[PDB]
Amino acid sequence: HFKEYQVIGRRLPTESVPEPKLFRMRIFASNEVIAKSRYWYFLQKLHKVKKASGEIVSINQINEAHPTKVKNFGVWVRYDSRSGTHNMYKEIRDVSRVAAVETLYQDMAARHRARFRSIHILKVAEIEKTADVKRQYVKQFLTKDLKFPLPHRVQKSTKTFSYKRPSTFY
Amino acid sequence: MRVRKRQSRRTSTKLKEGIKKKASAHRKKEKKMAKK
Amino acid sequence: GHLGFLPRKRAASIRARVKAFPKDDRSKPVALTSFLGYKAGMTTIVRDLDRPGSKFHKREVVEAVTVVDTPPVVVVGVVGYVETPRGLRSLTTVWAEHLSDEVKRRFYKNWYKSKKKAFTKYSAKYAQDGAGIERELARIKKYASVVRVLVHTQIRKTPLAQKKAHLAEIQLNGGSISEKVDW
Amino acid sequence: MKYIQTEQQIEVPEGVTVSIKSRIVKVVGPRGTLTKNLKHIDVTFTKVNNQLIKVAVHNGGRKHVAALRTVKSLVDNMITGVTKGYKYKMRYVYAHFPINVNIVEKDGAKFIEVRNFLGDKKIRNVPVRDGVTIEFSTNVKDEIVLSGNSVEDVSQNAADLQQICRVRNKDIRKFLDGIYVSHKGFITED
Amino acid sequence: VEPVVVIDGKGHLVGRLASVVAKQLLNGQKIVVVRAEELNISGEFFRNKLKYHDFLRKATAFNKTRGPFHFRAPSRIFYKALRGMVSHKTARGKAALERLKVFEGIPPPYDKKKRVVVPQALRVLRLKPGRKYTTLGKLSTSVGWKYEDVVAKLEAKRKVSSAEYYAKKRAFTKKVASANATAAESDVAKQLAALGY
Amino acid sequence: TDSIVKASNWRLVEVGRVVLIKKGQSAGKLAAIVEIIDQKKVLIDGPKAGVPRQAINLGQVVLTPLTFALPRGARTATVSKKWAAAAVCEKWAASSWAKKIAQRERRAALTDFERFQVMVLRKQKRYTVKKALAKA
RNA sequence: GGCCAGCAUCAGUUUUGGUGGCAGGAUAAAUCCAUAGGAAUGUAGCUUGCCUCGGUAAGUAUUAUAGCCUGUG
RNA sequence: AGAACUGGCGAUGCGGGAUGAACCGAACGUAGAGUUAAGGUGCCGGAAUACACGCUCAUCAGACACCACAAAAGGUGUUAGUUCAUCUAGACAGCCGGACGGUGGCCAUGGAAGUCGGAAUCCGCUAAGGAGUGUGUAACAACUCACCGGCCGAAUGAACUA
RNA sequence: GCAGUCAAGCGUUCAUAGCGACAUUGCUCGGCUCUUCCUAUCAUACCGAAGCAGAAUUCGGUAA
RNA sequence: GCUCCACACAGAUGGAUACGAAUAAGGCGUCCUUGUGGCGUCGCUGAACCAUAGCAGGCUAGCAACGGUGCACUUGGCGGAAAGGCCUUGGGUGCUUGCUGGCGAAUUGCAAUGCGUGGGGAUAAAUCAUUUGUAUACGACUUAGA
Numbered sequence: 003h004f005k006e007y008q009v010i011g012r013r014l015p016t017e018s019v020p021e022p023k024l025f026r027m028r029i030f031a032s033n034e035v036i037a038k039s040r041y042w043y044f045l046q047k048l049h050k051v052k053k054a055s056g057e058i059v060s061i062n063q064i065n066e067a068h069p070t071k072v073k074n075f076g077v078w079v080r081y082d083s084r085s086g087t088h089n090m091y092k093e094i095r096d097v098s099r100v101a102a103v104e105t106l107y108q109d110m111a112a113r114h115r116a117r118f119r120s121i122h123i124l125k126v127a128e129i130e131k132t133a134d135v136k137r138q139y140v141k142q143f144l145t146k147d148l149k150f151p152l153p154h155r156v157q158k159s160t161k162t163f164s165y166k167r168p169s170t171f172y
Numbered sequence: 001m002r003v004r005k006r007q008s009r010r011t012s013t014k015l016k017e018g019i020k021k022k023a024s025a026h027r028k029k030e031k032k033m034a035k036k
Numbered sequence: 012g013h014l015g016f017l018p019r020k021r022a023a024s025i026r027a028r029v030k031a032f033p034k035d036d037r038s039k040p041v042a043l044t045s046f047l048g049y050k051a052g053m054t055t056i057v058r059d060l061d062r063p064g065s066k067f068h069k070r071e072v073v074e075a076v077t078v079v080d081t082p083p084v085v086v087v088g089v090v091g092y093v094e095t096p097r098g099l100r101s102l103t104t105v106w107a108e109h110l111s112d113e114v115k116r117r118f119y120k121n122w123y124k125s126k127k128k129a130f131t132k133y134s135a136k137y138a139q140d141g142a143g144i145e146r147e148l149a150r151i152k153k154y155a156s157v158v159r160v161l162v163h164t165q166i167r168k169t170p171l172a173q174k175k176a177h178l179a180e181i182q183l184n185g186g187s188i189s190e191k192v193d194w
Numbered sequence: 001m002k003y004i005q006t007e008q009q010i011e012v013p014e015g016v017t018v019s020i021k022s023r024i025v026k027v028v029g030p031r032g033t034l035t036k037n038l039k040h041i042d043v044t045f046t047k048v049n050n051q052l053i054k055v056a057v058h059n060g061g062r063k064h065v066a067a068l069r070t071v072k073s074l075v076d077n078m079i080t081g082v083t084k085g086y087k088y089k090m091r092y093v094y095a096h097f098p099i100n101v102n103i104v105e106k107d108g109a110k111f112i113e114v115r116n117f118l119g120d121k122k123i124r125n126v127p128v129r130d131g132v133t134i135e136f137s138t139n140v141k142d143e144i145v146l147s148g149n150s151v152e153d154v155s156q157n158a159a160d161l162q163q164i165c166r167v168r169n170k171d172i173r174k175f176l177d178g179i180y181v182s183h184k185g186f187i188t189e190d
Numbered sequence: 003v004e005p006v007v008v009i010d011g012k013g014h015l016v017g018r019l020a021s022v023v024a025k026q027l028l029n030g031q032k033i034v035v036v037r038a039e040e041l042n043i044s045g046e047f048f049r050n051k052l053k054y055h056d057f058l059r060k061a062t063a064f065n066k067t068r069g070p071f072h073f074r075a076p077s078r079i080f081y082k083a084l085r086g087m088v089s090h091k092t093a094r095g096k097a098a099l100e101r102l103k104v105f106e107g108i109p110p111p112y113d114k115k116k117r118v119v120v121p122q123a124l125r126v127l128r129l130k131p132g133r134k135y136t137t138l139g140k141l142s143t144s145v146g147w148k149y150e151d152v153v154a155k156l157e158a159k160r161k162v163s164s165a166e167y168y169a170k171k172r173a174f175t176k177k178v179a180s181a182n183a184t185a186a187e188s189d190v191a192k193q194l195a196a197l198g199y
Numbered sequence: 003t004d005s006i007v008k009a010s011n012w013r014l015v016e017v018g019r020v021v022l023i024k025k026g027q028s029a030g031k032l033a034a035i036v037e038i039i040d041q042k043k044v045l046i047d048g049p050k051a052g053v054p055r056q057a058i059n060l061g062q063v064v065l066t067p068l069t070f071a072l073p074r075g076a077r078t079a080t081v082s083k084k085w086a087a088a089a090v091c092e093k094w095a096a097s098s099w100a101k102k103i104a105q106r107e108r109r110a111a112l113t114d115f116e117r118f119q120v121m122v123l124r125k126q127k128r129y130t131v132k133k134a135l136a137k138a
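Residue numbers (PDB author numbering), protein chains in the order written: chain S, 3 to 172; chain s, 1 to 36; chain B, 12 to 194; chain H, 1 to 190; chain O, 3 to 199; chain M, 3 to 138.
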């Protein structure tokens, strides 16, 4: 389970160059230590720096603004593959950004066999207005007065032997 | 019909370990070929 | 050789038992399906051949035939078999109350030493209005999908110095099991 | 993409009525009755207004939706099978030997004897399905008519009648001889 | 809980069925699967048939009277599925198997007796809708077994007698359920309610 | 001449469908489906029952046959408004299902002496019922 | 005074629950409440089409006799 | 294949990898208790037929392992993508119609009118129609599509990657 | 097989750091006897294509 | 096998509580156009249901109702898949905790669960030996004989 982290760094203040530009980014991780490590990994790719040349100035947990309102998120993803890296845009309906990126990571592993080290989360944005929601499987749930059943339900047994011949009604 | 012979899925220890030697051989080639 | 005729071993008895029977039609009249005798003989026959399409149509053919001696088979019982998921299963056999000296001989290996006390209590079991015999015959007619006839050979009318007749089981291919058990 | 709801519309005319429990379909109407088991298919039927029927697949992949449309087709085929009926007209052609097609009834089987096909002593016996009726076309030479209610009965019998008359170990181009479905249609034309 | 435990091996899944029977034994519980034929597997027919068939192809080369005894009967067909699931060469195994009993169809005194099921091996629950399974009755027949019909016949008749029994039952039940309802609101009654019963 | 096609009637998952949570911190409390997220997850809140507003799996929950009129995306106060106005709590208590849950809970917290009362009362009820039978 | 035990209060190592006090973060984020704007998978209303009597449909209508989102406190 | 340095085995039991010279774990007196490593938790077999999101149906699936060999591909299996395209001036599919005159263009030759073949392969007229996409006749005709246009009303198309 | 002609892409950007599949163009120890098994089948069985008039045949499929 | 004498003695602990079929469907109740019929209701676990209070269950006094149950006699009908059991007709017979009395419990001391032999007799049969030769290395088999 994830957590969003604002992690900043400004390549250690030396002589003749005081107070550098403080490079800020939002990092999804499980804890603070992984977030820090991922941040250094991203910095080495965005420009030519190193872990020893800089310093983590502030690490902060970004709590979700309204964890009760169901949102329509659109996530820009890129990831290393069997071949070269490539962009991807998946649309996710969820309550929070942490939970939406969670469902993405499990889906990316499920459909593309990409682990945690491959995936570069670019930008997670709310899609404010519907009918601008591009993906059809998300637009599937944005219809008026959606009433759908769950036919054929399993009844979870606590014992080995039953005396009914179970009824999978709903 | 006369059901024909089925291939085994038992990998013998000679095969399995020989697979590892052939794999590591492919590595040593790939590291050399990367330099050219 | 032929791998079907294996194991190439000595049989259980001289009287080999019949392995399969002719099917069954449940509208045909009641008639026996197998018979037994005593094979002994071989001889030559000539006959004119009315086999059209042959090289010997309206010609004469000599050929070898065999003479099995077959004295009139005598019925001494009936067996009823239920159809099971395990095959067939004999549930009741019924006998003839008064059987020959030949078959009471078949029930012993040493005939002369015995008191010849074979079916004494079975014949005494009959000794009334029936009551139990008709009960077992109801038992056969009610259940028992196939019905086979217990017979034996007339050994004395054959020149054989054996004196000891053979029991057998012969099914009936006459329909309605009622007509089988009542035959 | 796993559809949430997919539905088709089976249109019921005036003369016919559709009675369905589980997945067994009545089509009771003018010409007769037709029944079809569909418990292999896994759908849900909905009668909206006694004149329109809604088949339904919830949570179905492309394979399950591919089954969803074929139910609509089969139930509709039963409807047009009762209202209009089916009439398959088979014309049989021959070069030299006159093909002799007759209907015989041995043991109540209602067979079709196909005699003298390409000068052949074999007498071809085709079984007639329960619900297909055979008459010969008057005033038109060399024509056999197959008519009934079910599409399967009429069309499979038409297929049987032309697969017994295979031109064996010979030309296709030279030997025209055989029986052929000239016209697939309905009994009542409108 | 009981001395014996009769399972209705219908619409079940040989595997998950056997595996839930297997251990059950080793733990000393007596068990008697029935209606074996009606049992189920998983996968388009042919599939299984092709499977078994290859098994039916393994015989002691030099003397096939010695090698893998290939059993047809749905029972045996499912006793081998439970056997190789229990150290059956040891003593603790033989002793286990010995308290197991597979029956194709339902004979006495099992008939007139309650018969359970095993949810965790129920095809309806386990399997996903619209996915070919392969009954056991078929496979068996199309490979050697030759008593499919009989049982069938002897099974239909075994139900009838069953039905009637029930009918009689539903009735006597109604009668008791109606009398009870009429015993409601009677101090005693009233009270029980407060104590759930 | 009717077209009788019946029926396969389910409990549909919808906005305003009241649910009962099987497992978790809440476990056995009622909540209402406020908004549907996807095929597996819904959004639930039962303020009167005490369950906080949360995204839950439909594996964690079981649908109950009751419904009411709730507008989609309703905050806690709106849920409590329509909850009380429709009186779904009393409609829950009226059902056989709530009576069965309360039945098991009543039998659980029974004292041994109270269990002995059940022993005696069932003996008395047995007597009068057996007299009620063997008459018809 | 020998063999085996039970309980209690103890001490060492450990396993497994119940419950209280705090402290940290956006001094949690939320919810809830008060206020200001918006669009909707558009709400009551209003207009209109053609019919099984009033249902639906195609516009308006910023919530009015549902609600929602965003912003500030 | 040659050096260097490094572990392991060798003088080393034990847990695991079903099995075992070099593979994973592992500070061997005799015992008791607790906790773990590697490996595991359907049953054999001690331990969850756990939970959660997905993907796969295999005519002998797969459980396998620097993802190494047959390995570049084929497939109207299925799920995700990317890049270009069309689309309520009406997308794809579907039938209904037009699909033209110079012109039977020149050589060819018995007969070749777009469609046996040899070379350009042009003009006009339109909404659009190629010196013609295949079937066809000896030669024509006739049909077909590519190109439009008429009802039909929302998505669809191509090339790649996983 | 060698050399060239194309040439999906990849080359650290990328066709002018280079590799490059199918095609294509250049001339040129042996043997006697038995048992069992495999199919990569010569015949027997059934099919598909073939100027297959018939007969005969050629190639191909299932098949031990 | 019958009789005569002599002796010997792999894990029960309230009840395995019986429709069948379907699962994208069913069960039950009711009603009618008697049907793949209308209407109501049920599941979402057997967490059930039936049995269950007495010196390990004694002895007695009753009250209420024609019930429940045990035991053995008994009228049949039913059950062949391993039927070996299932219902039913009745008479007797104890007991009943349906409700209320009447007595006994100690000292157990504060836990240690509390159906074969070895000989007789009587009568069925088998083997050996004999004979057989449809059998045969020897066994075995087929025969024959108070």
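Cβ atoms here follow ideal geometry from the backbone N, Cα and C, with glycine treated the same way.
Looking at the DSSP output, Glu37 (chain M) bridges to M:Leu45. Along the segment 124 to 139 of chain O, the positions whose C-beta sits under 8 Å from a C-beta of chain S are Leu124, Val126, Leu127 and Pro131, read in chain order. At a cut-off of 7 Å between beta-carbon atoms, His55 (chain O) makes contact with chain s.
Look at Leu152 (chain S): its C-beta is under 7 Å from a C-beta on chain M. Around the beta carbon of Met121 (chain M), fewer than 16 other beta carbons sit within 10 angstroms, so the residue counts as exposed. Across the set H:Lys122, H:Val145, H:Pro127 and H:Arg91, the C-alpha of H:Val145 shows the shortest separation from the C-alpha of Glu135 (chain H). Rounded to the nearest angstrom, the gap between the Cα atoms of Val25 (chain H) and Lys155 (chain O) is 28 Å.
Short of 6 Å from the beta carbon of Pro22 (chain S), and not among the five residues preceding or following it, lie these beta carbons of its own chain, in chain order: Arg12 and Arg13. For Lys39 (chain H), there is no enclosing alpha helix (DSSP H), as DSSP marks it with neither H nor E. Chain order gives no chain M residues near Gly69 (chain O), where near means a beta carbon separation below 7 Å; the closest approach is about 48 Å. Straight-line measurement puts the Cα of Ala22 (chain B) at about 12 Å from the Cα of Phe16 (chain B). Here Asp80 (chain B) is bridged, per DSSP, to B:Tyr49. For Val140 (chain S), the closest alpha carbon among the candidates M:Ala29, M:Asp40 and M:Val17 is that of M:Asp40. The three-state secondary structure of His154 (chain S), taken from DSSP, is coil. For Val114 (chain H), there are no C-beta contacts with chain M under 9 Å, since the nearest C-beta of that chain is about 42 Å from it. For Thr17 (chain H), the three-state secondary structure derived from DSSP is strand. Taking each of S:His3, S:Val103, S:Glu130 and S:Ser39 in turn and checking the Cα distance to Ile10 (chain S), the smallest one comes out for S:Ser39. The beta carbon of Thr78 (chain M) lies closer than 7 Å to those of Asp47, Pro49 and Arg55 in the same chain, with the five residues before and after it left out. By the neighbour-count criterion, in which a residue is buried when 16 or more other Cβ atoms sit within 10 angstroms of its Cβ, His163 (chain B) is buried. Contact annotation: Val16 (chain H) and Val82 (chain H) have beta-carbon atoms nearer than 7 Å.
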